[PDB]
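Consider the single chain below, provided in structure tokens and representing the form deposited in one PDB entry.
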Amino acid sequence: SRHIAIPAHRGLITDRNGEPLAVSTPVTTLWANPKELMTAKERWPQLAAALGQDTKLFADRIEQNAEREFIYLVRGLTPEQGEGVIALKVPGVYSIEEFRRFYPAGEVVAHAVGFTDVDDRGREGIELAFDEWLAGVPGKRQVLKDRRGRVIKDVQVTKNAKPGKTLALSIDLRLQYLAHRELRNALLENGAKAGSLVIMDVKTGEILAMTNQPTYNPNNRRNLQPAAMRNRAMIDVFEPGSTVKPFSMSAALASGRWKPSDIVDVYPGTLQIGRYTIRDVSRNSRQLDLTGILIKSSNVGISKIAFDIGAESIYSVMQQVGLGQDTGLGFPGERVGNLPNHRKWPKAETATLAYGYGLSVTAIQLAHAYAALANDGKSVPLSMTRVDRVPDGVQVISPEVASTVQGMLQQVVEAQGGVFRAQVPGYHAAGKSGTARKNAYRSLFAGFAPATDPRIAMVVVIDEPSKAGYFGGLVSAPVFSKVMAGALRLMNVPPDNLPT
């Protein structure tokens, strides 16, 4: 009276410049027909020894499967060892060439690229998200096999196997390597638990780099730490704190009620709402301008503006920029987080929202929001694939307001008492630091550069540094500076810190 398969070649994954990130490698699979093996039991020990398996257990397996016409012996071998096994001429042993992925960049892009399971199907990262694109379609062979199950003849092919298609990611391996190295070093210098760093192109929406620590070698899937396998930029939610204040400020400027030169009274550094007390870390301020509120990261100052303008305006900005919103990336394990909403906002939620307490975002969401702000208020859809034709953006923040806030974030980095460690020598940079209290802290910095014409947005999240420095401007700001400094030269962006 059979229907055997023709493996499809799994589609190549490259970075944006064509560097291979996931490559299908030929392997040899060996299967057997126990009906033939039963006629050649004397050959089994030599075959067993060559496969690794135990002599008596392997013999027990065949004796147990004597009546079956197909069984698997082994599925992953090099074609070097596959040819060595084939040369034994054992009756009933047949071979099939399959594919197993190899990841040339390994740990550098393990979380973004992801990996494949035993069936060459996508399980994590891009491999999973674009499995349909990458997998291709297996084919159906037909062969004449007699009563013994011996493949005697080849009668027909029922379906032709179609290879998967190539996919170019948005990731720039040069930028990915830099962010990976700098984030790892920063975690070691701070003795931190974990970290994430994302770089995005503000003009096209492309994710140029996305790294997390700890990472793993997807070529070493020796069943490592599941926790280490977490793509934190997409699956871990956190309260963004001060890094969300530029969006609260954007709502204030768009309200018509506030200008940067306006003053807010933040004395004595605390603000009471019933049983709840809002508190600033530095409580030696009285009058602060809107830029000063961001520089000093005054929670009181941002709260007073929020009460004046209303939480609805702030909620609308944070929602439209994507905080706690679906990214559209289609990553099955990716987290949306949560953006609290109310019909009538009470005072406590208005203040906490404006200073980012009780909100849940991802590092990718936080970065995308900063990308929209940097892109004069236009939100460009997120993309993990190279973008050749840029989709239309949505104007989420008015150009004037976004431009004004950009200037304010530049003063945060450049002005007296600002986050000078986030300065990117040679360029004008802008950003906002954050420190979230979980005696353990999370240190954040989000920003963009060059301020004169933003090109790149970046988010640096370091979880639980355990050394002396713990402020976002101390722990995460230097990482932004180091990575931003390298990324601008790697993209050949002209330095904008020039003389007047």
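Don't overthink the numbering: it's just position in the shown sequence, from 1. Between two forms, the rigid core is defined as the largest C-alpha subset superposing within 1.5 Å.
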Cross-entry absence of residue 469, a third or more of other PDB entries: yes
Look at the stretch from residue 438 to residue 439 and count the residues of the deposited sequence that the entry does not model, then pick none, 1 to 3, 4 to 9, or 10 or more. 10 or more
Taking the mean of the C-alpha B-factors per stretch from the entry, tell me the winner out of 356 to 364 and 261 to 269. 356 to 364
Comparing 283 to 291 with 87 to 95, the higher average Cα temperature factor in the PDB entry belongs to 87 to 95
Looking at 442, 455, 432, 467, which has the highest CA B-factor as recorded? 467
Residue with highest C-alpha B-factor in the PDB entry, from 203, 140, 193, 174: 140
Relative to the other modelled residues in the chain, which third contains the C-alpha temperature factor of residue 296: lowest, middle or highest? lowest
Position of residue 100 among the chain's modelled residues by C-alpha B-factor, lowest, middle or highest third: highest
So, residue 26's CA B-factor, relative to its chain, sits in which third? The highest
Among the modelled residues of its chain, the C-alpha B-factor of residue 274 falls in the third labelled highest
Looking at the temperature factor on the CA atom of residue 132, which third of the chain's modelled residues does it land in? middle
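Keep in mind that the form deposited in another entry is not shown, yet the notes after this line are about it.
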Can you tell which of 140, 123, 181, 257 moves its Cα by 2 Å or more between the shown form and the other one, with the two forms laid on the rigid core? 140
Is residue 399 one of the residues whose Cα moves 2 Å or more between the shown form and the other one, with the core superposed? no
My question is whether residue 63 is one of the residues whose C-alpha shifts by 2 Å or more between the shown form and the other one, given a fit on the rigid core. yes
For residue 316, does the CA position differ by 2 Å or more between the shown form and the other one when the superposition is done on the rigid core? no
